[PDB]
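Derivation of every value follows stated rules applied to the coordinates shown; laboratory data play no part. Because the Cβ atoms are built from the backbone with ideal geometry, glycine has one as well, and the counts that use them run over all protein chains shown.
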Amino acid sequence: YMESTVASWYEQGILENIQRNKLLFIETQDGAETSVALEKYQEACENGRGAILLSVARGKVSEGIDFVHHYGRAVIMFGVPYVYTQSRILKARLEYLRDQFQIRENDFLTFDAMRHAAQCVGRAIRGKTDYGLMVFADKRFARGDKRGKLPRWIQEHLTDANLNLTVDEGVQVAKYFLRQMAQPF
Amino acid sequence: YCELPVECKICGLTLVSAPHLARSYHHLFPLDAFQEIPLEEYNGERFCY
Amino acid sequence: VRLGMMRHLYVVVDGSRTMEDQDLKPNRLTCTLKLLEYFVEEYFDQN
Amino acid sequence: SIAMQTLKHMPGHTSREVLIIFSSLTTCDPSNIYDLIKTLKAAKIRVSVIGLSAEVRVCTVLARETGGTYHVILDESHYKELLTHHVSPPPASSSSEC
Amino acid sequence: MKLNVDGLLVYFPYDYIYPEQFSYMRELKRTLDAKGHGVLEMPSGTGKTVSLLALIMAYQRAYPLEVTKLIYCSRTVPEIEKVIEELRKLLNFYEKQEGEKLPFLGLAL
Amino acid sequence: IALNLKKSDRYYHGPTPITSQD
Amino acid sequence: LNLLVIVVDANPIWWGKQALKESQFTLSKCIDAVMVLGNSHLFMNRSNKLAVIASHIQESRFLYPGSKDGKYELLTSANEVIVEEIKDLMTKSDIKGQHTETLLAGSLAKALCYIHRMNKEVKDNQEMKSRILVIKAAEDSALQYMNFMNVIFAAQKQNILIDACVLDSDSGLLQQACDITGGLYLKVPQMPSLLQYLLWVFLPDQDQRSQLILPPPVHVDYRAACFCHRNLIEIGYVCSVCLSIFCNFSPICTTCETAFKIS
Ligand SMILES: [Zn+2]
Ligand SMILES: [Zn+2]
C-alpha cells in the first residue's frame, strides 16, 4: 500500500509538491538502507532542509526508532493497522485465543491493531518535556470502542473538537498548537 | 552634509551631534520602578501628582 | 547590566512563498513589512 | 554568510548583530550551517531569530549557541512586542569586551 | 528532595517532580506491599524510570530482607544504556544524600 | 556583566559648561 | 483640537531683581500677558484647550486644572483661579540662599504626562494638537541638561512643539529643545510688548505656522565637549559603555575605569 500510495503520488503532483516542500525518505526491509536513510533524515532535520520519513507501522524501524524533539515532532498514522487476516500465523493465533482464552477474533485483532498503532504513534513522547503531535487519519479511531481501546492518556487528551477533524481542520489545529507550544512554560 | 548623524564617506569616522548621544543615556540611567499602591491607602492626594 | 551602546544590525527577511500566506489577519508580507517600517524608525529613534 | 562577509570587516567596539524574520521553515543551504554558526560565534555576530508559525531546530541552536534568542509569533501583539523588545540594546555578555 | 511516599520518605534528586509521579510510585508500592504482581501504564520513560528506581531502592533499603534484588528489563540495549546511567545518577545523588558509600552494585548485561 | 559606575554626576551635565541678600 | 501649555519662569530672584531694578516689565504684567494669551487662545476656537504652569526655585505649580459680571463664566473663572494659584505659589514658598537655579525639567515633565493623560481622555473622534510655550527669564543649571534632554526627546517622540519665548537668559539647551522638537525660539528685546510676540509668533499653531511667514529660527550651536575639561572640541573619544566624550585615549575611562586595551 505504501509503494502503491507513493506511486500514485508520483503519478500525481502530490509527491513532487511534498519533496519540493521538504525532503522525503522511505523505509524498507533493509536495515542498512533504512539506517542510512534515517541518519540522513535526522541530518536533514538538523540542517535547514528538514526531512519526511515514510515507514510501515510493523517495520523493524518503527519498533527500534525513538522519536524526540525535531526528530519525529509529528507522527501521522494512515488507517488502522490491520494485518492480512488470511495469514496462517494470524489464523492459528486468533483461533487459539478464542478456543482456549475465549477472546473474540475482532476483539483481539482490533486490540493488536490499537496497541501497535499507539506503540508506533505514542513514541513521539519519550522525555525531556518536549512537545509532539499525533494525528490519526481514520474515523475508525474515533469510534466508541476504538476510543476505549486507546490508552487513557491519549483518550483523555483526545476530544470531540479533535476527534473528527477534517484534513483542513487538522492542519489548522496543528498550526495553532505549534504556535502555542513554541513559547516557554 | 545635510543630515546627521552619518559616517564619513571619506575618513570612515562617525559624525554626530551631542543630543544624539544623550538620547541613549536613559539606557545608562535605568529608571527605578515605583512601588505599587493599588488601594487608596488613605492617600489624601485625590489628584494624581 | 552593561549595554552595547553602538550596534550594527542586519534585518533578514524571507522572500519565500510562505510570505504571501495570510497567516495573520493581513497578508504576512504586508504585515511584516508594515511593522518593519515602524521597527526601523524606532531602531534609530532609540539608537 | 552574506551578512558575515559584510559584518566581518566591522570594528570591534560596535555590536555586530543580525535579526532574522523566518517565514518558511524549510530553507535550502549549500553547506553545513554548524560551521557557519561556529564562525558566527567567533565573529562575535549576535544572531537572534524570529520564527513565524515555526519552531525550527536550526534556528533554536543558532540562537542559543550564539547567545541570541529565538522566538515565535504567538499573535500580532507578540510580534509587535518581540520587535519592540529587539529595539533595546543587547545586554553585554561576559564574553563581550569594551 | 524527600518524597512523602505512602510507605516511607523517599529521597529524590530533582527539586521538582510532577504530581503523577507520586501516584505512580505509591500505586506501584502496592505490588511490594501486597507481595504480588500487577500492571500499570505511564507515558513518560525517564520519569517512570527514575521514580521506579527511587521507589524500589528506598523500599529495598527499607526492606532488604524482603526484596534481595531488583530485575529490570527494557526494549533494547541503547535504552538500557541510558537507564543504567540514570541509576548511576540516582546512586550518585543517594551517595551525596547519604554522604557515604554503601554496599550496592548494579550492572547491565 | 552588571552595570558599573565611578563618577556618574559628570553625565548630568554633558558638554554644558559652568549677593546672598539680593 | 489644540492644547497650549504655558510655562512661566516665575523665579523670584530674577523677577525680584527686576522689581528692585524698577523694571518696566514685571511678573504681574507678565502673568497678565499670559492670561490674555490663554484667554485669546481659547477665544480663537471652541475646541481649543489650555493649561498653565509656573516654576519656582523649589517647585512648580499649575495655574489651571454665576454670570454676575455679565460675561462667560469660563474666562472669568480661569482668570480668578490663575491669579489665586499664582499668589498661592508666591506666598507659599520658602527662602533659600543656596538654591537659585530655576526649575524647568520638572515643569515640562508634569506637562508632558498631563498632555499624555489628555491624549487618552480625549475622544478618538477628534485629534488633539499640543504645544508648549516656554517663557524663560532666569539662569539655567547644568544638572538640568540630562533631565531636560529626557523631556525634549519625549516631546519630540510624542510630537509636542516646544516654543521658547525667552525674556533674558538664553539657555543653549532651550534653543536646542525647540529645534529638536521643531518649535520656534525667540528672545524678546522689548519685554513690555511680550504679548505682541505671543499673539503674532506663538499664537499660531503648527497648521497655521506652516501657512504663514515667521522669522527663521536662530542658528543653533550644537556644542560638544569632553567631560574631563568641558572645553568645546570638534573631535571627542566616546566609549561603547560610558558613551562619554573623553579628551584623549586612556586605558580606563574615569567614569567607569573599564579595562580598555591599547590600540
Ligand atoms: Zn568608558
Ligand atoms: Zn584633556
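Could you work out, residue by residue across G:220-231, how many beta carbons of other chains sit within 10 Å of that residue's beta carbon, and then give the average as an integer? Walk me through the intermediate numbers first.
Values: counts 1, 0, 7, 6, 7, 6, 1, 6, 1, 1, 7, 2.
Neighbouring Cβ atoms belonging to other protein chains average 4 per residue here.
Once you treat every alpha carbon in the stretch G:1-204 as an equal point and sum by Debye, what is log10 I(q)/I(0) at q = 0.08, 0.14, 0.17 Å⁻¹?
The calculated log intensity ratios at q = 0.08, 0.14, 0.17 Å⁻¹ are -0.25, -0.81, -1.23.
Rg/Rh for the stretch G:164-221 to two decimals, with Rh computed the Kirkwood way over all alpha-carbon pairs. Please list the in-between numbers first.
Values: Rg = 11.3 Å, Rh = 12.0 Å.
Reported Rg/Rh, Kirkwood definition of Rh: 0.95.
Percent of Cα-Cα pairs more than 16 Å apart in chain C, please. List each step's numbers first, then the result.
Details: 558 of 1081 pairs.
Pairs farther apart than 16 Å: 52 percent.
Simple spin-label model, 7 Å along Cα-to-Cβ: B:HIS27 to G:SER40 in nm?
Rounded to a tenth, the inter-label distance reads 4.6 nm.
From the C-alpha coordinates alone, can you work out the Kirkwood hydrodynamic radius of chain E, in Å?
On the way: mean 1/r = 0.0687 Å⁻¹.
Over chain E, the inverse of the mean reciprocal pair distance is 14.6 Å.
Could you work out how far apart the two model spin labels at B:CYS2 and E:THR76 are, taking each label as a point 7 Å from the Cα in the direction of the beta carbon, and quote it in nm?
6.9 nm
With a cap of 12 neighbouring Cβ atoms within 10 Å, and only residues DSSP puts in a loop, list the chymotrypsin sites (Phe, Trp or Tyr not before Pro) found in the stretch A:57-109. Intermediate values should be presented prior to the final figure.
On the way: sites: A:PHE67, A:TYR71, A:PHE78, A:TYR82, A:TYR84, A:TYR96, A:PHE101, A:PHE108; in loops: A:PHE67, A:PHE78, A:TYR82, A:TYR84, A:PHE101.
Filter output for the stretch A:57-109: A:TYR84, A:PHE101.
In nanometres, what is the gap between the two model label sites at G:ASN231 and G:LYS123, each 7 Å from Cα along Cα-to-Cβ?
With each label point 7 Å from Cα toward Cβ, the separation is 6.3 nm.
Which of the peptides G:3-16, E:22-35 is most tightly packed, and how do the rest follow, judged by the mean count of other Cβ atoms within 10 Å per residue?
On the way: G:3-16: 22.8, E:22-35: 15.6.
Answer by packing, highest mean first, reads G:3-16, E:22-35.
Go through the stretch G:200-215 residue by residue and turn each phi into a ³J(HN,Hα) via Karplus (6.51, -1.76, 1.60, θ = phi - 60°); whole Hz please, and just put x for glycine and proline.
Those phi angles translate into 8, 8, 8, 4, x, 7, 3, 4, 6, 4, 6, 7, 9, 9, 9, x Hz.
Run the Debye formula on the Cα coordinates of chain D, all scatterers equal and no solvent, and tell me log10 I(q)/I(0) at q = 0.19, 0.21, 0.23 1/Å.
-0.99, -1.17, -1.33
Rounded to the nearest whole Å³, what is the per residue volume of the convex hull around the Cα atoms of the protein assembly as shown?
Working: hull volume 226.4 nm³, N = 773.
It comes to 293 Å³ per residue, whole-number rounded.
Of G:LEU199, E:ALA58, G:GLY236, which is farthest on the positive side of the dipole of the protein assembly as shown, counting Cα position, with +1 on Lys and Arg Cβ, -1 on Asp and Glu Cβ, and the Cα centre as origin?
E:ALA58
Please state, to two decimals, what the Cα-based radius of gyration of the stretch G:116-263 comes to when divided by 2.2 N^0.38 Å (N = residues).
On the way: Rg = 19.7 Å, N = 148, 2.2 N^0.38 = 14.7 Å.
Relative to the 2.2 N^0.38 Å estimate, the stretch G:116-263 comes out at 1.34.
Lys/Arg Cβ at +1, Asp/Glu Cβ at -1, dipole of chain C taken about the Cα centre: which of C:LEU36, C:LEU24, C:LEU9 is farthest positive-ward?
C:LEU9
List the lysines whose Cα sits under 25 Å from the Cα of G:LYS87, skipping any in the same chain fewer than 8 residues away.
Counting by Cα, and skipping residues close in sequence, G:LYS87 has these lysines nearby: G:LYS17, G:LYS21, G:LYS29, G:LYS49, G:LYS68, G:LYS71, G:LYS96, G:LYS110, G:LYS136.
Against the longest principal axis of chain C, how steep is helix C:28-46, in degrees 0 to 90 to the nearest 10, with axes from Cα atoms?
On a 0 to 90 degree scale, this one is about 10.
Amide H neighbours of A:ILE26 under 5 Å, at least 5 residues apart or on other chains, H built in the peptide plane: list them.
Amide H neighbours of A:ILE26: A:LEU54.
Using 1/(1 + (r/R0)^6) with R0 = 51 angstrom and r between the beta carbons of A:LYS40 and A:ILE103, what's the FRET efficiency to the nearest 0.05?
Working: r = 42 Å, r/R0 = 0.83.
E(calc), rounded to 0.05, equals 0.75.
Checking the cross-link filter: which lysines have an alpha carbon closer than 16 Å to that of D:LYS44, excluding same-chain neighbours under 8 positions apart?
Once the sequence-local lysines are set aside, what remains near D:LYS44 is D:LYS8.
Which whole-angstrom value gives the distance between the alpha carbon centres of the stretch C:1-18 and the stretch G:43-65?
The two parts, judged by their Cα centres, are 44 Å apart.
Using the structure shown, select from F:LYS7/G:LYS261; A:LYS40/A:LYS149; A:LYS60/D:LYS41; C:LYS34/G:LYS123 the pairs with a Cα to Cα distance greater than 32 angstrom.
Details: F:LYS7/G:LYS261 21 Å; A:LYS40/A:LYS149 36 Å; A:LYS60/D:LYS41 41 Å; C:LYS34/G:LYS123 26 Å.
Beyond 32 Å between Cα atoms: A:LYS40/A:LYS149; A:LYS60/D:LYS41.
Report, in cubic angstrom per residue, the convex hull volume of the C-alpha atoms of the stretch G:33-138. Mind showing how you got there, number by number?
Details: hull volume 13.6 nm³, N = 106.
Dividing the Cα hull volume of the stretch G:33-138 by its residues yields 128 Å³.
Work out the FRET efficiency for E:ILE84 and A:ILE14 from their Cβ-Cβ distance, taking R0 = 41 Å, and round it to the nearest 0.05.
Working: r = 45 Å, r/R0 = 1.11.
Rounded to the nearest 0.05, the efficiency is 0.35.
Give the average over all directions of the projected area of the C-alpha convex hull of chain A, one decimal, in nm². Kindly include the intermediate steps, with their values, before the conclusion.
Numbers: hull surface 50.5 nm².
That works out to 12.6 nm².
Take the alpha carbon atoms of the stretch A:63-132, find their center, do the same for the stretch B:9-49, and report the distance between the two centers in whole angstrom.
That distance is 63 Å.
For the stretch G:52-59, in order, what is each residue's ³J(HN,Hα) by Karplus, 6.51 cos²θ - 1.76 cosθ + 1.60 with θ = phi - 60°, in whole Hz (x at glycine and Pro)?
With coefficients 6.51, -1.76 and 1.60, one gets 9, 9, 10, 10, 10, 4, 8, 6 Hz.
Amide H to amide H, which residues 5 or more places from A:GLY79 or on other chains are under 5 Å from it, using H placed in the peptide plane?
Those qualifying (amide H under 5 Å, at least 5 residues apart or on another chain) are A:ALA137, A:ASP138.
Which whole-Hz ³J(HN,Hα) couplings does the stretch E:46-60 yield from phi under the Karplus relation 6.51 cos²θ - 1.76 cosθ + 1.60, θ = phi - 60°, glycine and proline marked x?
My calculation for the stretch E:46-60 gives 4, x, 5, 5, 4, 5, 4, 4, 4, 4, 5, 5, 4, 4, 5 Hz in order.
If amide hydrogens are placed 1.01 Å from N in the peptide plane, which non-local residues have theirs closer than 5 Å to the one on C:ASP23?
It is C:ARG28, by chain and number.
Given only helices, namely DSSP H runs of n ≥ 4 each adding -39500 (n - 2.57), what is the per-residue ellipticity at 222 nm of the protein assembly as shown, to the nearest 500 deg cm²/dmol?
Numbers: 28 runs with 318 residues, N = 773.
Taking each H run of at least 4 residues, the total per residue is -12500 deg cm²/dmol.
Quick one: plug the Kirkwood hydrodynamic radius of chain B (C-alpha pairs) into Stokes-Einstein at 25 °C, 0.890 mPa s, and report D in µm²/s.
Working: Rh = 15.4 Å.
The Stokes-Einstein estimate is 159 µm²/s.
Can you work out the FRET efficiency for the pair A:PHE111 and A:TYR131, with r the C-beta to C-beta distance and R0 = 25 Å, to the nearest 0.05?
Details: r = 29 Å, r/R0 = 1.14.
My answer for the efficiency is 0.30.
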